[PDB]
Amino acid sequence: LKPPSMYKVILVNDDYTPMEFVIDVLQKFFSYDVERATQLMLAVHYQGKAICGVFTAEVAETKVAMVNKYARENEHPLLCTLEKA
């Protein structure tokens, strides 16, 4: 069989995206409670990036695509990326 390959799903910092939006994303797509979501968002703002979750490759691809889709639908340049864990 094939063991799981785990990928980091990361959010990358950009000056033009509302902080509210980022939180909105975290609760919506990562089922984070508000308190944790805020923490991650602050991480994105100052560290310039923050790992939101670790998922199997297929789940991770889906998340990234859905987030970027959601961002562009709302006219924000916010970017979500994968990285081999």
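Residue positions are given as counts along the sequence shown, with the first one as 1.
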Comparing against every modelled residue in the chain, figure out the third that the C-alpha B-factor of residue 13 lands in (lowest, middle or highest). highest
Please place residue 49 in the lowest, middle or highest third of its chain by C-alpha B factor as given in the entry. lowest
Considering every modelled residue of the chain and its Cα B-factor in the PDB entry, is residue 64 in the lowest, middle or highest third? lowest
Comparing residue 26 with the other modelled residues of its chain, is its CA B-factor in the lowest, middle or highest third? middle
Within-chain third of residue 34 by Cα B-factor, per the entry: highest
